[PDB]
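K.L.:
I'm passing along upload16.cif; it holds mmCIF, C-alpha atoms and all ligand atoms.
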data_input
loop_
_atom_site.group_PDB
_atom_site.id
_atom_site.type_symbol
_atom_site.label_atom_id
_atom_site.label_comp_id
_atom_site.auth_asym_id
_atom_site.auth_seq_id
_atom_site.Cartn_x
_atom_site.Cartn_y
_atom_site.Cartn_z
ATOM 1 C CA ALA G 48 -10.670 100.413 162.692
ATOM 2 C CA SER G 49 -8.558 103.069 160.848
ATOM 3 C CA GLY G 50 -7.604 106.213 162.809
ATOM 4 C CA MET G 51 -8.158 109.587 161.090
ATOM 5 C CA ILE G 52 -6.674 113.044 161.946
ATOM 6 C CA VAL G 53 -7.829 116.258 160.168
ATOM 7 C CA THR G 54 -5.681 119.422 160.486
ATOM 8 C CA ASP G 55 -5.806 123.035 159.284
ATOM 9 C CA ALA G 56 -3.650 123.548 156.137
ATOM 10 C CA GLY G 57 -1.613 126.553 157.329
ATOM 11 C CA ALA G 58 0.685 127.662 160.176
ATOM 12 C CA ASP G 59 1.683 124.477 162.070
ATOM 13 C CA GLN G 60 -1.261 122.215 160.928
ATOM 14 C CA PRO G 61 -3.163 122.178 164.271
ATOM 15 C CA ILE G 62 -5.549 119.184 164.641
ATOM 16 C CA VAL G 63 -9.252 120.175 164.141
ATOM 17 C CA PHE G 64 -10.820 116.638 164.214
ATOM 18 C CA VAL G 65 -9.920 113.071 165.272
ATOM 19 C CA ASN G 66 -12.287 110.092 164.788
ATOM 20 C CA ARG G 67 -13.256 107.580 167.528
ATOM 21 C CA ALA G 68 -10.629 105.021 166.265
ATOM 22 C CA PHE G 69 -7.853 107.637 166.848
ATOM 23 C CA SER G 70 -8.755 107.715 170.589
ATOM 24 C CA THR G 71 -8.906 103.859 170.811
ATOM 25 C CA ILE G 72 -5.470 103.580 169.065
ATOM 26 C CA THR G 73 -3.566 106.427 170.831
ATOM 27 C CA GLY G 74 -5.364 106.658 174.240
ATOM 28 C CA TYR G 75 -5.876 110.460 173.717
ATOM 29 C CA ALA G 76 -9.344 112.120 173.910
ATOM 30 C CA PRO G 77 -10.099 114.883 171.354
ATOM 31 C CA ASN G 78 -9.797 117.633 174.044
ATOM 32 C CA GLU G 79 -6.161 116.459 174.706
ATOM 33 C CA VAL G 80 -5.043 116.865 171.020
ATOM 34 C CA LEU G 81 -7.242 119.520 169.271
ATOM 35 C CA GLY G 82 -5.214 122.683 168.464
ATOM 36 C CA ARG G 83 -1.860 120.758 168.571
ATOM 37 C CA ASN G 84 0.458 119.553 165.761
ATOM 38 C CA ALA G 85 0.318 115.690 165.584
ATOM 39 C CA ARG G 86 4.146 115.401 166.149
ATOM 40 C CA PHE G 87 3.377 114.859 169.916
ATOM 41 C CA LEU G 88 2.666 111.190 168.856
ATOM 42 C CA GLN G 89 6.442 110.817 168.123
ATOM 43 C CA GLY G 90 9.050 109.850 170.736
ATOM 44 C CA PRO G 91 12.658 108.863 171.409
ATOM 45 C CA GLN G 92 13.109 106.060 168.779
ATOM 46 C CA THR G 93 11.019 107.752 166.012
ATOM 47 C CA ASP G 94 13.187 107.814 162.814
ATOM 48 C CA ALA G 95 14.423 111.386 162.004
ATOM 49 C CA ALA G 96 14.738 110.728 158.205
ATOM 50 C CA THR G 97 11.059 109.583 158.107
ATOM 51 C CA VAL G 98 9.973 112.763 160.017
ATOM 52 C CA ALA G 99 12.002 114.863 157.484
ATOM 53 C CA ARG G 100 10.151 113.220 154.517
ATOM 54 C CA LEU G 101 6.768 113.968 156.237
ATOM 55 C CA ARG G 102 7.908 117.598 156.839
ATOM 56 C CA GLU G 103 8.917 118.113 153.148
ATOM 57 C CA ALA G 104 5.719 116.435 151.777
ATOM 58 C CA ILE G 105 3.364 118.552 153.996
ATOM 59 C CA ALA G 106 5.286 121.757 153.090
ATOM 60 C CA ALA G 107 4.724 120.892 149.361
ATOM 61 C CA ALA G 108 1.096 119.647 149.947
ATOM 62 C CA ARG G 109 2.238 116.292 148.408
ATOM 63 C CA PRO G 110 0.570 113.001 149.483
ATOM 64 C CA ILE G 111 2.937 110.708 151.469
ATOM 65 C CA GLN G 112 2.844 107.265 153.177
ATOM 66 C CA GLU G 113 5.365 106.202 155.890
ATOM 67 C CA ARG G 114 5.584 103.485 158.583
ATOM 68 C CA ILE G 115 6.485 105.618 161.661
ATOM 69 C CA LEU G 116 7.008 104.726 165.348
ATOM 70 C CA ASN G 117 4.447 106.584 167.520
ATOM 71 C CA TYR G 118 3.580 106.497 171.254
ATOM 72 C CA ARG G 119 0.223 106.147 173.061
ATOM 73 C CA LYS G 120 -0.726 108.588 175.876
ATOM 74 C CA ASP G 121 0.523 105.840 178.301
ATOM 75 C CA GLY G 122 3.970 105.729 176.552
ATOM 76 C CA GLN G 123 3.522 102.318 174.772
ATOM 77 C CA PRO G 124 5.114 102.390 171.274
ATOM 78 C CA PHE G 125 3.011 101.435 168.194
ATOM 79 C CA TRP G 126 3.819 101.237 164.435
ATOM 80 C CA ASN G 127 1.695 103.788 162.509
ATOM 81 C CA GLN G 128 1.184 102.953 158.793
ATOM 82 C CA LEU G 129 0.515 106.660 158.168
ATOM 83 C CA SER G 130 -0.904 108.221 154.967
ATOM 84 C CA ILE G 131 -1.312 112.017 154.645
ATOM 85 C CA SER G 132 -3.100 113.866 151.788
ATOM 86 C CA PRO G 133 -4.133 117.513 151.257
ATOM 87 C CA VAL G 134 -7.840 118.442 150.843
ATOM 88 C CA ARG G 135 -8.079 120.944 147.933
ATOM 89 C CA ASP G 136 -10.952 123.179 146.759
ATOM 90 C CA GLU G 137 -11.651 123.413 142.988
ATOM 91 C CA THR G 138 -9.239 126.443 142.686
ATOM 92 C CA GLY G 139 -6.468 124.104 144.023
ATOM 93 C CA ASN G 140 -6.272 125.936 147.424
ATOM 94 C CA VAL G 141 -5.371 123.541 150.311
ATOM 95 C CA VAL G 142 -8.297 123.634 152.820
ATOM 96 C CA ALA G 143 -6.969 120.920 155.203
ATOM 97 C CA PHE G 144 -4.768 117.823 155.567
ATOM 98 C CA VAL G 145 -6.151 114.341 156.365
ATOM 99 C CA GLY G 146 -3.976 111.661 158.046
ATOM 100 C CA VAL G 147 -5.023 107.980 158.190
ATOM 101 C CA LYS G 148 -3.479 105.226 160.321
ATOM 102 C CA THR G 149 -4.231 102.070 158.263
ATOM 103 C CA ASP G 150 -5.374 99.160 160.477
ATOM 104 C CA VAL G 151 -3.150 96.600 158.608
ATOM 105 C CA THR G 152 -4.740 93.581 160.471
ATOM 106 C CA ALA K 48 -12.884 130.932 152.567
ATOM 107 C CA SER K 49 -13.793 127.342 151.475
ATOM 108 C CA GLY K 50 -16.263 125.312 153.598
ATOM 109 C CA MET K 51 -15.458 121.691 154.527
ATOM 110 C CA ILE K 52 -17.774 118.883 155.755
ATOM 111 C CA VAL K 53 -16.454 115.499 156.997
ATOM 112 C CA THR K 54 -18.867 112.524 157.365
ATOM 113 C CA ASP K 55 -18.687 108.868 158.443
ATOM 114 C CA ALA K 56 -18.404 106.472 155.435
ATOM 115 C CA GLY K 57 -21.273 104.094 156.306
ATOM 116 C CA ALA K 58 -25.020 104.092 157.116
ATOM 117 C CA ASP K 59 -26.361 107.547 156.064
ATOM 118 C CA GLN K 60 -22.999 109.479 156.167
ATOM 119 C CA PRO K 61 -23.670 111.514 159.346
ATOM 120 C CA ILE K 62 -21.566 114.719 159.645
ATOM 121 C CA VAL K 63 -18.695 114.362 162.199
ATOM 122 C CA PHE K 64 -16.913 117.732 161.553
ATOM 123 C CA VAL K 65 -17.452 121.112 159.819
ATOM 124 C CA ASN K 66 -14.776 123.861 159.572
ATOM 125 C CA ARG K 67 -15.298 127.524 160.659
ATOM 126 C CA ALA K 68 -15.986 128.587 157.011
ATOM 127 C CA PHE K 69 -18.941 126.095 156.885
ATOM 128 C CA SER K 70 -20.733 128.024 159.717
ATOM 129 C CA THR K 71 -20.020 131.452 158.058
ATOM 130 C CA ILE K 72 -21.413 130.152 154.678
ATOM 131 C CA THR K 73 -24.506 128.202 155.921
ATOM 132 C CA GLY K 74 -25.391 130.008 159.221
ATOM 133 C CA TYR K 75 -25.393 126.597 161.047
ATOM 134 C CA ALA K 76 -23.259 125.989 164.197
ATOM 135 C CA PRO K 77 -21.509 122.579 164.482
ATOM 136 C CA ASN K 78 -23.952 121.324 167.219
ATOM 137 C CA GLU K 79 -26.845 122.049 164.761
ATOM 138 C CA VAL K 80 -25.416 119.701 162.022
ATOM 139 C CA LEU K 81 -23.299 116.980 163.785
ATOM 140 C CA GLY K 82 -24.929 113.508 163.377
ATOM 141 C CA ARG K 83 -27.150 114.650 160.426
ATOM 142 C CA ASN K 84 -26.862 113.801 156.703
ATOM 143 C CA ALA K 85 -25.896 117.010 154.783
ATOM 144 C CA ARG K 86 -29.124 116.792 152.634
ATOM 145 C CA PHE K 87 -30.844 119.244 155.124
ATOM 146 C CA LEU K 88 -28.933 121.949 153.120
ATOM 147 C CA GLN K 89 -31.255 121.229 150.112
ATOM 148 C CA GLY K 90 -34.683 122.854 149.549
ATOM 149 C CA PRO K 91 -37.615 123.386 147.154
ATOM 150 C CA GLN K 92 -35.583 124.629 144.090
ATOM 151 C CA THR K 93 -32.676 122.088 144.462
ATOM 152 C CA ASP K 94 -32.261 120.135 141.154
ATOM 153 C CA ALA K 95 -33.370 116.481 141.726
ATOM 154 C CA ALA K 96 -31.029 115.150 138.943
ATOM 155 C CA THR K 97 -28.036 116.836 140.716
ATOM 156 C CA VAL K 98 -29.081 115.163 144.040
ATOM 157 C CA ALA K 99 -29.373 111.761 142.250
ATOM 158 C CA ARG K 100 -25.788 112.119 140.835
ATOM 159 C CA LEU K 101 -24.467 112.853 144.387
ATOM 160 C CA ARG K 102 -26.456 109.828 145.697
ATOM 161 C CA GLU K 103 -24.895 107.412 143.122
ATOM 162 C CA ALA K 104 -21.331 108.830 143.590
ATOM 163 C CA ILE K 105 -21.451 108.467 147.427
ATOM 164 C CA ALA K 106 -22.986 104.939 147.147
ATOM 165 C CA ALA K 107 -19.963 103.870 144.963
ATOM 166 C CA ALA K 108 -17.375 106.066 146.823
ATOM 167 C CA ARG K 109 -16.592 107.953 143.553
ATOM 168 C CA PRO K 110 -15.334 111.585 143.536
ATOM 169 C CA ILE K 111 -17.914 114.095 142.165
ATOM 170 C CA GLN K 112 -18.321 117.884 141.735
ATOM 171 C CA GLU K 113 -21.730 119.609 141.337
ATOM 172 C CA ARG K 114 -23.066 123.195 141.456
ATOM 173 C CA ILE K 115 -26.101 122.539 143.728
ATOM 174 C CA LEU K 116 -28.665 125.008 145.144
ATOM 175 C CA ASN K 117 -28.464 124.907 148.965
ATOM 176 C CA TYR K 118 -30.224 126.936 151.704
ATOM 177 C CA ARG K 119 -28.699 128.805 154.694
ATOM 178 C CA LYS K 120 -30.298 128.296 158.161
ATOM 179 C CA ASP K 121 -32.261 131.587 157.584
ATOM 180 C CA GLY K 122 -33.577 130.047 154.295
ATOM 181 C CA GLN K 123 -31.541 132.208 151.819
ATOM 182 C CA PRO K 124 -30.619 130.180 148.685
ATOM 183 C CA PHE K 125 -26.882 129.973 147.781
ATOM 184 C CA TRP K 126 -24.993 128.183 144.957
ATOM 185 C CA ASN K 127 -22.750 125.485 146.502
ATOM 186 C CA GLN K 128 -19.807 124.573 144.221
ATOM 187 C CA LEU K 129 -19.562 121.176 145.986
ATOM 188 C CA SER K 130 -16.743 118.576 145.592
ATOM 189 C CA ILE K 131 -16.953 115.230 147.469
ATOM 190 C CA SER K 132 -14.221 112.547 147.718
ATOM 191 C CA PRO K 133 -13.774 109.418 149.858
ATOM 192 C CA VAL K 134 -10.941 109.183 152.428
ATOM 193 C CA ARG K 135 -9.367 105.692 152.022
ATOM 194 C CA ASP K 136 -6.846 103.775 154.163
ATOM 195 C CA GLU K 137 -3.991 102.016 152.282
ATOM 196 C CA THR K 138 -6.110 98.778 152.013
ATOM 197 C CA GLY K 139 -8.675 100.854 149.997
ATOM 198 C CA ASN K 140 -11.299 100.814 152.823
ATOM 199 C CA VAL K 141 -13.384 104.069 152.944
ATOM 200 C CA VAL K 142 -12.801 105.742 156.383
ATOM 201 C CA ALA K 143 -14.813 108.945 155.707
ATOM 202 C CA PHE K 144 -16.087 111.360 153.042
ATOM 203 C CA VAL K 145 -14.920 114.995 152.687
ATOM 204 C CA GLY K 146 -17.055 117.708 151.023
ATOM 205 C CA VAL K 147 -15.671 121.132 150.042
ATOM 206 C CA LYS K 148 -17.711 124.253 149.161
ATOM 207 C CA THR K 149 -15.279 126.160 146.851
ATOM 208 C CA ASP K 150 -15.170 129.945 147.531
ATOM 209 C CA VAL K 151 -15.285 131.132 143.844
ATOM 210 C CA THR K 152 -14.143 134.708 144.831
HETATM 211 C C1 LIG U 201 -3.199 115.629 158.907
HETATM 212 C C2 LIG U 201 -1.897 115.208 159.559
HETATM 213 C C3 LIG U 201 -1.818 114.052 160.327
HETATM 214 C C4 LIG U 201 -0.622 113.635 160.906
HETATM 215 N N1 LIG U 201 -0.586 112.510 161.652
HETATM 216 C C5 LIG U 201 0.573 112.106 162.213
HETATM 217 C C6 LIG U 201 0.664 110.879 163.013
HETATM 218 O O1 LIG U 201 -0.340 110.182 163.194
HETATM 219 N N2 LIG U 201 1.859 110.552 163.531
HETATM 220 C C7 LIG U 201 2.977 111.295 163.337
HETATM 221 O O2 LIG U 201 4.064 110.931 163.856
HETATM 222 N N3 LIG U 201 2.970 112.429 162.608
HETATM 223 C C8 LIG U 201 1.816 112.849 162.032
HETATM 224 N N4 LIG U 201 1.803 114.033 161.296
HETATM 225 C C9 LIG U 201 3.042 114.753 161.038
HETATM 226 C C10 LIG U 201 3.451 115.826 161.999
HETATM 227 O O3 LIG U 201 2.322 116.653 162.225
HETATM 228 C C11 LIG U 201 4.583 116.645 161.338
HETATM 229 O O4 LIG U 201 4.106 117.147 160.074
HETATM 230 C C12 LIG U 201 5.847 115.815 161.086
HETATM 231 O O5 LIG U 201 6.372 115.447 162.358
HETATM 232 C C13 LIG U 201 6.934 116.524 160.277
HETATM 233 O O6 LIG U 201 7.093 117.887 160.661
HETATM 234 P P1 LIG U 201 8.026 118.383 161.859
HETATM 235 O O7 LIG U 201 9.452 117.980 161.460
HETATM 236 O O8 LIG U 201 7.808 119.865 161.897
HETATM 237 O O9 LIG U 201 7.596 117.705 163.121
HETATM 238 C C14 LIG U 201 0.598 114.442 160.698
HETATM 239 C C15 LIG U 201 0.533 115.597 159.941
HETATM 240 C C16 LIG U 201 -0.671 116.020 159.356
HETATM 241 C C17 LIG U 201 -0.716 117.273 158.515
HETATM 242 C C1 LIG U 202 -19.005 114.557 152.982
HETATM 243 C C2 LIG U 202 -20.304 114.968 152.353
HETATM 244 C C3 LIG U 202 -20.643 116.310 152.214
HETATM 245 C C4 LIG U 202 -21.837 116.699 151.619
HETATM 246 N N1 LIG U 202 -22.127 118.017 151.487
HETATM 247 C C5 LIG U 202 -23.280 118.426 150.920
HETATM 248 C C6 LIG U 202 -23.622 119.840 150.768
HETATM 249 O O1 LIG U 202 -22.837 120.722 151.174
HETATM 250 N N2 LIG U 202 -24.804 120.136 150.180
HETATM 251 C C7 LIG U 202 -25.650 119.180 149.734
HETATM 252 O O2 LIG U 202 -26.720 119.534 149.173
HETATM 253 N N3 LIG U 202 -25.399 117.855 149.848
HETATM 254 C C8 LIG U 202 -24.233 117.437 150.416
HETATM 255 N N4 LIG U 202 -23.975 116.079 150.552
HETATM 256 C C9 LIG U 202 -24.925 115.148 149.934
HETATM 257 C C10 LIG U 202 -26.050 114.559 150.732
HETATM 258 O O3 LIG U 202 -25.546 114.174 152.012
HETATM 259 C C11 LIG U 202 -26.605 113.335 150.002
HETATM 260 O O4 LIG U 202 -25.575 112.387 149.722
HETATM 261 C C12 LIG U 202 -27.297 113.726 148.688
HETATM 262 O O5 LIG U 202 -28.423 114.547 148.989
HETATM 263 C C13 LIG U 202 -27.700 112.509 147.853
HETATM 264 O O6 LIG U 202 -28.330 111.479 148.630
HETATM 265 P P1 LIG U 202 -29.890 111.456 149.023
HETATM 266 O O7 LIG U 202 -30.626 111.331 147.689
HETATM 267 O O8 LIG U 202 -29.955 110.230 149.893
HETATM 268 O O9 LIG U 202 -30.232 112.719 149.729
HETATM 269 C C14 LIG U 202 -22.769 115.647 151.144
HETATM 270 C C15 LIG U 202 -22.441 114.298 151.270
HETATM 271 C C16 LIG U 202 -21.236 113.909 151.873
HETATM 272 C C17 LIG U 202 -20.900 112.445 152.006
#
Just give me the structure of the file as structure tokens.
Ligand SMILES: Cc1cc2nc3c(=O)[nH]c(=O)nc-3n(C[C@H](O)[C@H](O)[C@H](O)COP(=O)(O)O)c2cc1C
Ligand SMILES: Cc1cc2nc3c(=O)[nH]c(=O)nc-3n(C[C@H](O)[C@H](O)[C@H](O)COP(=O)(O)O)c2cc1C
P.N.:
Amino acid sequence: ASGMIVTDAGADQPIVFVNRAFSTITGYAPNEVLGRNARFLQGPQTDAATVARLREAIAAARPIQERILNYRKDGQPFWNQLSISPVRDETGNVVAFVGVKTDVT
Amino acid sequence: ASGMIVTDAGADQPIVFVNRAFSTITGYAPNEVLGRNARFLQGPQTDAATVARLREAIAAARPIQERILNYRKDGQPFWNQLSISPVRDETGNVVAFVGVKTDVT
């Protein structure tokens, strides 16, 4: 199943919701991740240039897709086919961001 | 501020997350709405044709906006400038729905 992360729009995009698939994929329970920026999923061999593109896209509230190396709670690396999009109200205000890890199987 | 509702994609789209603004707007706490379809927000003067358009859009995972009459927990009517969109993974599979109540001032 596809993992989903929802964050606040502002400050440092703290996580406000993760679906059940997120916990299966990453080994983290909601209470371990809520209120944190999702960058804790990154680790030593995560590609800096990819992280920079995510940083610029989120700052601009621009949708982005990247294949990024992430790490489970237990330290095991996994490839995250990650897509991030802003949630806008009808005035164009950004209310949240939504991140999806596409189950590519 | 703008309210946000996140639901599962399948079965009867049970609510899995509401933002702080949702509780301020509707008078419902998260524990009062989690696992329920959002239709409990409707009441006697809600326009049936508006509800039917939402029903068809969600069934087909099509984005839709409607101005729908909803009811706070205390029964006060309020105009909900509602926008709903599917959350898709990169295969096109629907992972969730997101609903926004636009704060129009
Ligand atoms: C909704 C959302 C979901 C995200 N999910 C992930 C993720 O699953 N894995 C990841 O490495 N980064 C994810 N990020 C990105 C990080 O939170 C952060 O934006 C990125 O590392 C770039 O910014 P930084 O250079 O400040 O860390 C997500 C961001 C947002 C807004
Ligand atoms: C994510 C999401 C948010 C929704 N938010 C609202 C809402 O705020 N107010 C409302 O009247 N209906 C809302 N709905 C619509 C109802 O859940 C339902 O789809 C609608 O009443 C039409 O279907 P029905 O005829 O089966 O009730 C939402 C639906 C989804 C999927």
K.L.:
Mind checking which residues fall within 8 Å of residue K:49, counting only C-alpha atoms, ignoring those fewer than 6 positions away in the same chain, and posting them as a list in words?
P.N.:
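Final neighbour list, sorted by chain and number: residues 136 and 142 of chain G; 68, 69, 147, 148, 149 and 150 of chain K.
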K.L.:
Selected residues, C-alpha atoms, written as a tab-separated table (two decimals), keeping the file's coordinate frame, please.
P.N.:
chain	number	residue	atom	x	y	z
G	136	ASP	CA	-10.95	123.18	146.76
G	142	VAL	CA	-8.30	123.63	152.82
K	68	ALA	CA	-15.99	128.59	157.01
K	69	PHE	CA	-18.94	126.10	156.88
K	147	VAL	CA	-15.67	121.13	150.04
K	148	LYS	CA	-17.71	124.25	149.16
K	149	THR	CA	-15.28	126.16	146.85
K	150	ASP	CA	-15.17	129.94	147.53
K.L.:
Produce as number ranges by chain the set of residues near ligand LIG 202 (chain U), where near means within 7 Å with all atoms listed in the file considered.
P.N.:
K: 52-54, 60, 84-86, 88-89, 98-99, 101-102, 105, 115, 117, 127, 129, 131, 144-146, 148
K.L.:
Pick out the residues sitting within 9 Å of residue G:67, and hand them over as a PDB file with C-alpha atoms, keeping the file's coordinate frame; count only C-alpha atoms, and ignore anything fewer than 2 positions along from it in its own chain.
P.N.:
ATOM      1  CA  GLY G  50      -7.604 106.213 162.809  1.00  0.00           C
ATOM      2  CA  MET G  51      -8.158 109.587 161.090  1.00  0.00           C
ATOM      3  CA  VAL G  65      -9.920 113.071 165.272  1.00  0.00           C
ATOM      4  CA  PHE G  69      -7.853 107.637 166.848  1.00  0.00           C
ATOM      5  CA  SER G  70      -8.755 107.715 170.589  1.00  0.00           C
ATOM      6  CA  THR G  71      -8.906 103.859 170.811  1.00  0.00           C
ATOM      7  CA  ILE G  72      -5.470 103.580 169.065  1.00  0.00           C
ATOM      8  CA  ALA G  76      -9.344 112.120 173.910  1.00  0.00           C
ATOM      9  CA  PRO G  77     -10.099 114.883 171.354  1.00  0.00           C
TER      10      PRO G  77
END
K.L.:
Find the smallest box with edges along x, y and z containing every listed atom of ligand LIG 201 (chain U), then add 5 Å on each side and report centre and edge lengths in Å to one decimal, as JSON.
P.N.:
{"center_x": 3.1, "center_y": 115.0, "center_z": 161.2, "size_x": 22.7, "size_y": 19.7, "size_z": 15.3}
K.L.:
Atom CA of residue K:78 and atom CA of residue K:125 are how many Å apart?
P.N.:
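Calculated distance between atom CA of residue K:78 and atom CA of residue K:125 is 21.5 Å.
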K.L.:
Closest to ligand LIG 201 (chain U) among G:123, G:138, G:66, G:128, using all atoms listed in the file?
P.N.:
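Selected residue with least distance to ligand LIG 201 (chain U): G:128.
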K.L.:
Which one is closest to chain G: K:64, K:87, K:75, K:126? Count only C-alpha atoms.
P.N.:
K:64
K.L.:
Measure the distance from atom CA of residue G:61 to atom CA of residue G:122 in Å and round it to one decimal.
P.N.:
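Atom-to-atom, atom CA of residue G:61 to atom CA of residue G:122, that is 21.7 Å.
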K.L.:
For each of G:59, G:48, G:92, G:74, take the minimum atom-to-atom distance to ligand LIG 201 (chain U), counting all atoms listed in the file, then give the residue where this is smallest.
P.N.:
G:59
K.L.:
Skipping near chain neighbours, those fewer than 5 positions away, what residues fall within 8 Å of residue G:108 using all atoms listed in the file, listed as a ChimeraX atom specification?
P.N.:
/G:132-133,141
K.L.:
Spell out the residues picked by the PyMOL selection byres (((chain G and resi 91) around 10) and not hetatm) here, as a VMD selection string.
P.N.:
chain G and resid 89 to 90 92 to 95 116 to 118 124
K.L.:
Between K:112, K:119, K:81, K:107, which is the closest to chain G once you count all atoms listed in the file?
P.N.:
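Nearest candidate to chain G out of K:112, K:119, K:81, K:107: K:112.
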